[PDB]
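> The following block contains the structure, expressed as structure tokens.
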Amino acid sequence: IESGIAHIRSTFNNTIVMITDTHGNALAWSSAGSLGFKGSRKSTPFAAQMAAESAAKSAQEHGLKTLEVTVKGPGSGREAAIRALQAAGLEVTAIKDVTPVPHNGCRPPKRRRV
RNA sequence: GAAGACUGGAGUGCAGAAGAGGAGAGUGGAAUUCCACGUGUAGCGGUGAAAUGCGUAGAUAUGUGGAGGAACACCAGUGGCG
Ligand SMILES: [Mg+2]
Ligand SMILES: [Mg+2]
Ligand SMILES: [Mg+2]
Ligand SMILES: [Mg+2]
Ligand SMILES: [Mg+2]
Ligand SMILES: [Mg+2]
């Protein structure tokens with residue numbers, strides 16, 4: 001409405017972008033798979049470019065001049081989408097890293113190729 | 001072998017110090033999974049490439065509460081104790 005927030009999760013397989021309110025309910029979303037990418041083409045920064053553009057440009061109807069980006073996931077598609085959202089008109093107030101680091105909680109799945 | 005003597009071995013007392021040494025009872029936070037709720041739309045997941053799999057009974061993402069189990073981020077170092 002006036003100032004929402006943007007959630008992004010660009011893992012090594014996909015880039016999902018979110019736009020919500022400041023109290024945190026969904027408005028519009030897009031993904032690298034929604035644009036027609038089949039193989040591992042999702043993980044590229046360019047697929048994140050199209051996802052970010054198509055998600056920010058569809059947030060115009062809701063109405064938002066400011067937003068903040070919360071970046072989660074270890075993939076290679078964060079800066080691209082952050083810049084694409086910032087360069088569509090809405091200025092990103094601040095950027096945060098929200099990766100879920102555990103304090104040695106539960107054992108991870110076994111190492112690959114053994 | 002026997003009878004004595006000594007303190008440089010061994011032990012006791014006195015004054016200090018460090019420590020993931022052991023056993024019993026009780027509390028803490030972050031995170032994974034499950035459950036309920038509010039917008040929320042067509043995909044999510046995964047590989048070198050895919051498919052099986054989950055998803056219009058409406059998933060992923062998304063904020064708010066509840067349950068349970070296991071291991072203890074930084075400190076952390078050919079550091080410490082046995
Ligand atoms: Mg002595
Ligand atoms: Mg919890
Ligand atoms: Mg599982
Ligand atoms: Mg949920
Ligand atoms: Mg929760
Ligand atoms: Mg020793």
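Residue numbers start at 1 in each chain; chains themselves are named A, B, ... in the order of the structure tokens; ligands are numbered from 1 in the order shown.
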Could you list, as a PyMOL selection string, every residue within 6 Å of segment 5-18 of chain A, counting only C-alpha atoms (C1' of nucleotides) and ignoring same-chain residues fewer than 5 positions away?

chain A and resi 29-32+42-43+67-75+77

> Could you dump the residues just selected with N, CA and C atoms as a CSV table (one decimal), in the first residue's frame?


```
chain,number,residue,atom,x,y,z
A,29,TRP,N,3.8,-12.6,-6.5
A,29,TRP,CA,5.0,-13.5,-6.5
A,29,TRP,C,5.3,-13.9,-7.9
A,30,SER,N,6.5,-14.3,-8.1
A,30,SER,CA,7.0,-14.9,-9.3
A,30,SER,C,8.2,-15.8,-9.1
A,31,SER,N,8.4,-16.7,-10.0
A,31,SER,CA,9.5,-17.6,-9.9
A,31,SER,C,10.2,-17.8,-11.2
A,32,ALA,N,11.4,-18.3,-11.2
A,32,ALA,CA,12.2,-18.6,-12.4
A,32,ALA,C,11.5,-19.8,-13.2
A,42,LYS,N,17.1,-22.2,-14.5
A,42,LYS,CA,16.5,-21.4,-13.4
A,42,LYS,C,17.7,-20.7,-12.6
A,43,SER,N,18.7,-21.5,-12.3
A,43,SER,CA,19.8,-21.0,-11.4
A,43,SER,C,20.6,-19.8,-12.0
A,67,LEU,N,10.5,-0.3,-0.4
A,67,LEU,CA,10.5,-1.7,0.0
A,67,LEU,C,11.9,-2.0,0.6
A,68,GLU,N,12.0,-3.2,1.2
A,68,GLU,CA,13.2,-3.7,1.7
A,68,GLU,C,13.3,-5.2,1.3
A,69,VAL,N,14.6,-5.6,1.0
A,69,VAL,CA,14.8,-7.0,0.5
A,69,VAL,C,15.4,-7.8,1.7
A,70,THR,N,14.9,-9.0,1.9
A,70,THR,CA,15.4,-9.9,2.8
A,70,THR,C,15.9,-11.1,2.0
A,71,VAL,N,17.2,-11.4,2.0
A,71,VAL,CA,17.8,-12.3,1.1
A,71,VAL,C,18.1,-13.6,1.9
A,72,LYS,N,17.5,-14.7,1.5
A,72,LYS,CA,17.8,-16.0,2.1
A,72,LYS,C,18.2,-17.0,1.0
A,73,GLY,N,19.0,-18.0,1.3
A,73,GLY,CA,19.5,-19.0,0.4
A,73,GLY,C,20.9,-18.7,0.0
A,74,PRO,N,21.6,-19.7,-0.4
A,74,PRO,CA,23.0,-19.6,-0.7
A,74,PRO,C,23.3,-19.5,-2.2
A,75,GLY,N,22.3,-19.4,-3.1
A,75,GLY,CA,22.6,-19.5,-4.5
A,75,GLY,C,23.2,-18.2,-5.1
A,77,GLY,N,21.9,-15.9,-7.2
A,77,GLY,CA,21.0,-15.1,-7.8
A,77,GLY,C,20.4,-14.0,-7.0
```

> With only C-alpha atoms (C1' of nucleotides) considered, list every residue of chain A at most 6 Å from chain B, as a ChimeraX atom specification.

/A:24-26,102-106

> Just list as a list in words whatever in segment 4-55 of chain A DSSP marks as strand (DSSP E or B).

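Of segment 4-55 of chain A, only residues 5, 6, 7, 8, 9, 10, 15, 16, 17, 18, 19, 20, 26, 27, 28, 29, 30 and 31 of chain A fall in strand (DSSP E or B).
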
> Running DSSP on the backbone, which parts of chain A land in alpha helix (DSSP H), as a ChimeraX atom specification?

/A:45-56,78-86

> For the residues in the current selection, export C-alpha atoms as a PDB file, in the first residue's frame.


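Resulting contents of selection.pdb:
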```
ATOM      1  CA  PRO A  45      21.211 -14.734 -12.800  1.00  0.00           C
ATOM      2  CA  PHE A  46      19.309 -13.906 -15.995  1.00  0.00           C
ATOM      3  CA  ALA A  47      16.306 -16.022 -15.023  1.00  0.00           C
ATOM      4  CA  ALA A  48      16.420 -14.107 -11.748  1.00  0.00           C
ATOM      5  CA  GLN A  49      16.412 -10.899 -13.809  1.00  0.00           C
ATOM      6  CA  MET A  50      13.193 -11.855 -15.572  1.00  0.00           C
ATOM      7  CA  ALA A  51      11.623 -13.121 -12.339  1.00  0.00           C
ATOM      8  CA  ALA A  52      12.479  -9.916 -10.481  1.00  0.00           C
ATOM      9  CA  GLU A  53      11.207  -7.715 -13.309  1.00  0.00           C
ATOM     10  CA  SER A  54       7.943  -9.618 -13.723  1.00  0.00           C
ATOM     11  CA  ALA A  55       7.342  -9.601  -9.967  1.00  0.00           C
ATOM     12  CA  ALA A  56       8.193  -5.949  -9.324  1.00  0.00           C
ATOM     13  CA  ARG A  78      20.669 -12.460  -5.077  1.00  0.00           C
ATOM     14  CA  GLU A  79      22.434  -9.311  -6.295  1.00  0.00           C
ATOM     15  CA  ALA A  80      20.920  -9.575  -9.776  1.00  0.00           C
ATOM     16  CA  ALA A  81      17.339  -9.621  -8.492  1.00  0.00           C
ATOM     17  CA  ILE A  82      18.056  -6.970  -5.851  1.00  0.00           C
ATOM     18  CA  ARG A  83      19.371  -4.622  -8.540  1.00  0.00           C
ATOM     19  CA  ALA A  84      16.506  -5.474 -10.907  1.00  0.00           C
ATOM     20  CA  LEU A  85      13.953  -4.622  -8.222  1.00  0.00           C
ATOM     21  CA  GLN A  86      15.785  -1.408  -7.312  1.00  0.00           C
TER      22      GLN A  86
END
```

> Which residue is closest to ligand 1? Choose from B:17, B:59, B:10, B:37 and count only C-alpha atoms (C1' of nucleotides) and all ligand atoms.

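Ranked by minimum distance to ligand 1, first place goes to B:10.
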
> Within 12 Å of ligand 1, counting only C-alpha atoms (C1' of nucleotides) and all ligand atoms, which protein or nucleic acid residues do you find, written as a PDB file with N, CA and C atoms (P, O5', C5', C4', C3', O3' and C1' of nucleotides), in the first residue's frame?


```pdb
ATOM      1  P     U B   7      67.961 -36.241  59.049  1.00  0.00           P
ATOM      2  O5'   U B   7      67.894 -36.227  57.460  1.00  0.00           O
ATOM      3  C5'   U B   7      68.879 -35.559  56.679  1.00  0.00           C
ATOM      4  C4'   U B   7      68.671 -35.805  55.203  1.00  0.00           C
ATOM      5  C3'   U B   7      67.415 -35.163  54.617  1.00  0.00           C
ATOM      6  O3'   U B   7      67.639 -34.799  53.254  1.00  0.00           O
ATOM      7  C1'   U B   7      67.294 -37.498  54.355  1.00  0.00           C
ATOM      8  P     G B   8      66.808 -33.588  52.600  1.00  0.00           P
ATOM      9  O5'   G B   8      67.126 -33.675  51.041  1.00  0.00           O
ATOM     10  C5'   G B   8      66.352 -34.486  50.166  1.00  0.00           C
ATOM     11  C4'   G B   8      67.183 -34.953  48.997  1.00  0.00           C
ATOM     12  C3'   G B   8      66.819 -36.315  48.409  1.00  0.00           C
ATOM     13  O3'   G B   8      65.882 -36.201  47.348  1.00  0.00           O
ATOM     14  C1'   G B   8      69.156 -36.216  48.874  1.00  0.00           C
ATOM     15  P     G B   9      64.305 -36.383  47.588  1.00  0.00           P
ATOM     16  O5'   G B   9      64.014 -37.885  47.148  1.00  0.00           O
ATOM     17  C5'   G B   9      64.186 -38.307  45.803  1.00  0.00           C
ATOM     18  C4'   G B   9      63.861 -39.771  45.642  1.00  0.00           C
ATOM     19  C3'   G B   9      62.399 -40.145  45.828  1.00  0.00           C
ATOM     20  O3'   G B   9      61.639 -39.971  44.646  1.00  0.00           O
ATOM     21  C1'   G B   9      63.737 -41.572  47.138  1.00  0.00           C
ATOM     22  P     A B  10      60.220 -39.223  44.690  1.00  0.00           P
ATOM     23  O5'   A B  10      59.372 -40.063  45.741  1.00  0.00           O
ATOM     24  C5'   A B  10      58.886 -41.354  45.412  1.00  0.00           C
ATOM     25  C4'   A B  10      58.110 -41.963  46.550  1.00  0.00           C
ATOM     26  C3'   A B  10      57.019 -41.101  47.149  1.00  0.00           C
ATOM     27  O3'   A B  10      55.833 -41.055  46.378  1.00  0.00           O
ATOM     28  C1'   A B  10      58.292 -42.029  48.883  1.00  0.00           C
ATOM     29  P     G B  11      54.901 -39.747  46.426  1.00  0.00           P
ATOM     30  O5'   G B  11      54.350 -39.721  47.915  1.00  0.00           O
ATOM     31  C5'   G B  11      53.323 -40.609  48.312  1.00  0.00           C
ATOM     32  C4'   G B  11      53.131 -40.618  49.805  1.00  0.00           C
ATOM     33  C3'   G B  11      52.536 -39.373  50.429  1.00  0.00           C
ATOM     34  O3'   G B  11      51.142 -39.248  50.243  1.00  0.00           O
ATOM     35  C1'   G B  11      54.350 -40.088  51.725  1.00  0.00           C
ATOM     36  P     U B  12      50.460 -37.799  50.315  1.00  0.00           P
ATOM     37  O5'   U B  12      50.591 -37.377  51.844  1.00  0.00           O
ATOM     38  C5'   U B  12      49.836 -38.046  52.838  1.00  0.00           C
ATOM     39  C4'   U B  12      50.053 -37.457  54.208  1.00  0.00           C
ATOM     40  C3'   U B  12      49.693 -35.996  54.386  1.00  0.00           C
ATOM     41  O3'   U B  12      48.306 -35.755  54.503  1.00  0.00           O
ATOM     42  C1'   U B  12      51.775 -36.394  55.378  1.00  0.00           C
TER      43        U B  12
END
```

> Please tabulate, as a Markdown table, the residues of chain B that come within 12 Å of ligand 6, each with its closest pair of atoms and the distance in Å to one decimal, counting only C-alpha atoms (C1' of nucleotides) and all ligand atoms and ordering rows by chain, then residue number upward.


```
| residue | atom | partner | partner_atom_place_in_ligand_line | distance |
| --- | --- | --- | --- | --- |
| B:21 | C1' | ligand 6 | 1 (Mg) | 10.9 |
| B:80 | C1' | ligand 6 | 1 (Mg) | 11.4 |
| B:81 | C1' | ligand 6 | 1 (Mg) | 8.1 |
| B:82 | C1' | ligand 6 | 1 (Mg) | 6.1 |
```

> Just checking: using only C-alpha atoms, which residue out of A:101, A:92, A:114, A:35 ends up closest to residue 64 of chain A?

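The answer is A:92, which sits nearest to residue 64 of chain A.
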
> Once you count only C-alpha atoms (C1' of nucleotides) and all ligand atoms, which residues end up within 12 Å of ligand 3, and could you hand them over as a PDB file with C-alpha atoms (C1' of nucleotides), in the first residue's frame?


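Output file out-v7.pdb is given in full below:
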```pdb
ATOM      1  CA  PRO A 108      22.673 -33.119   7.810  1.00  0.00           C
ATOM      2  CA  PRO A 109      22.185 -35.679   5.033  1.00  0.00           C
TER       3      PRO A 109
ATOM      4  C1'   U B  32      14.746 -29.049  11.153  1.00  0.00           C
ATOM      5  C1'   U B  33       9.783 -31.711  11.111  1.00  0.00           C
ATOM      6  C1'   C B  34       4.360 -31.843  12.385  1.00  0.00           C
ATOM      7  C1'   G B  45      11.615 -30.341  -5.410  1.00  0.00           C
ATOM      8  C1'   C B  54       4.541 -33.146  -3.652  1.00  0.00           C
TER       9        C B  54
END
```
